[PDB]
């Protein structure tokens, strides 16, 4: 309660399903909430981006890297919040960009704290799996409190968080293969 999600896609929608099933209150920020709401779990509140980010302490950024900067107008509402970078870049993206997606996201929102998590977990594993016991999510980032909040949430969702250290480890974590 309340956990935030920015995005409207398969991953957003699977995250929301897992969070709702794990007893969290979920608020989703979408550009087209009317259309997006129809497919999302009823227990999730799908709303406009600016309204979705205002309440939660932890916000999953479930959009592609190319659309990160499109969230910049939310900066004032997001200040001091935890942002979770869940992105699973392609091999080419990984090698093309000097910084990790997580670090790029941190640079866009310097008043937020970024945690890398959930990139190795498939959308269907969120929906169906993992199952409520046993499957490892690598976590990093620069703030201990933020990492613990996301780790506890990972635990509540049935995953097993694995601390990979500071946000500088996000690049290596982003190379880890999607399972499976």
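Numbering follows the first chain given and starts at 1.
Per-stretch averaging of Cα B factors for 59-67 and 143-151 places 143-151 on top.
Look at the mean CA B-factor for 37-45 and for 126-134 in the entry; the higher one is 126-134. When the C-alpha B-factors of 121, 26, 52, 114 are read from the PDB record, the largest value belongs to 52.
Residue-level temperature factors show residue 16 in the lowest third of its chain, judged at the C-alpha atom. Among the modelled residues of its chain, residue 108 has a C-alpha B-factor that falls in the middle third, as given in the PDB entry. Sort the modelled residues of the chain by CA B factor and residue 82 lands in the middle third.
Among all modelled residues in this chain, the alpha-carbon of residue 180 has a temperature factor (C-alpha) in the highest third.
Annotation for residue 95: CA B-factor lies in the middle third of the chain's modelled residues.
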